[PDB]
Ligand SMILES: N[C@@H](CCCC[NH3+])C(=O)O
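Shown next as structure tokens: one chain only, the form deposited without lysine (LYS).
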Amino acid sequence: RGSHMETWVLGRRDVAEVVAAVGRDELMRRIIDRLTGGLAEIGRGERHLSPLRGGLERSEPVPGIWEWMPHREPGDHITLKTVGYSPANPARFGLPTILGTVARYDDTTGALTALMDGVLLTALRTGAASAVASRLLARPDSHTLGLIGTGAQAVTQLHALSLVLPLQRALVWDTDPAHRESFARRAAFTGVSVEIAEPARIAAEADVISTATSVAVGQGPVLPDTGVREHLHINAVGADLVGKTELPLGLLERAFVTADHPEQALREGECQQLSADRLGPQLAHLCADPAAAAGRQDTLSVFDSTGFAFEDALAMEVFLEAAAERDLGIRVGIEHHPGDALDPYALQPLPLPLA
């Protein structure tokens, strides 16, 4: 009837090809630009924040969560990221803590049209979001980045931030000695000099900090409440379980705090520690009217990052566009579309080879 629909699958080999072909820096800039425009759209009321996401707490081996994150563009498509936070992963299985995929469904028919790896895309859009926030809230001559947690997100935090700020040094800490010791290797491609530094030194020297740890519920802060530079900006990225926090309450209460997604942040971000009156205007507001950020670069600021599906949808479109140009991915007929729409058993087998 209509032309046969199939699901366009970009797995790990194609996603690697997009990175090699576009270039890491260009790909990240594309994501930054698309996020910036989309957040400003939300800030103008032209689009909406994603609905709250849902999830299943897992107790074992270590407390974790598996979430589904929908975003609908009415009449167009529905994006659904499915993603696990499993922080025993790298230590028990050799896997990323964050493992997921992103799928797109036609909003008109419901058909699954595309499916791709969520691991790299997640890391990219999360670094991008910190870059968006830091352009607005970090001093534009920031030279020193601090990183607490030097696992996966840390790599793209450094990368994104190195594209928007004149970073000269990264001072880095992880409670796992092997993970902080390998960071420099992982960070080499950015050109930014790396030094292992304890949290107190990070707090004392950084212009900009990103916290992105797997700290357990009840076990923060990961950055001690000591001396910070007056203009410090922090991207508080770590987040999973209710009860999981990274920053000291005291520090938050001296900061201009902006959430990506306030309803979410107030339940599972750093803002879970705060009453709502202690939040400034949300990131989308700042994107749409950057004058709202006036004077905030020069005093303490916190971006409370939690992640939401709109970010995944935008990043996925960047990937799909680049994959379309470069002829990447496979086409798989996953859904059964019977030749008679009213007959579940109108099934077509694999054609016979020509003998």
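In this text, rigid core is short for the largest set of C-alphas that superpose within 1.5 Å between two forms. Shifts are known only where both forms have a C-alpha. In case it trips you up, residue 1 is the first one in the sequence shown, and so on.
- Annotation for 195-203 versus 124-132: the higher mean temperature factor (C-alpha) is found in 195-203.
- Stretches 183-191 and 141-149 differ in mean CA B factor, with 183-191 having the higher one.
- In the PDB entry, the Cα temperature factor peaks, among 260, 106, 246, 263, at 263.
- Per the deposited record, the Cα B-factor of residue 60 falls in the highest third when ranked against the other modelled residues of its chain.
- Split the chain's modelled residues into thirds by C-alpha temperature factor. Residue 159 is in the lowest one.
- In the deposited entry, the Cα temperature factor of residue 94 places it in the highest third of its chain's modelled residues.
- Among the modelled residues of the chain, residue 86 sits in the middle third by CA temperature factor in this PDB entry.
- Remark: residue 211 belongs to the lowest third of its chain, ranked by C-alpha B-factor as recorded.
As for the form deposited with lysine (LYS) bound, it is not shown, yet the points below apply to it.
- The contact with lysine (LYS) in the entry with it bound, taken as any heavy atom within 4.5 Å, belongs to 57 out of 57, 60, 325, 46.
- Checked against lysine (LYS) in the entry with it bound, the residues 293, 42, 65, 320 give one hit for a heavy atom within 4.5 Å, which is 65.
- Here the chain stands alone, but in the entry with it bound its contact with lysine (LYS), taken as any heavy atom within 4.5 Å, falls in 263-271 among 263-271, 250-258, 200-208, 108-116.
- Within this chain, residue 34 is remote from the site of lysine (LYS) in the entry with it bound, having no heavy atom within 4.5 Å.
- Not displayed here, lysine (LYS) is kept clear of residue 30 by more than 4.5 Å at the level of heavy atoms in the entry with it bound.
- Core aligned; the single run of 3 or more residues with all CA shifts at 2 Å or more between this form and the one not shown is 348-351.
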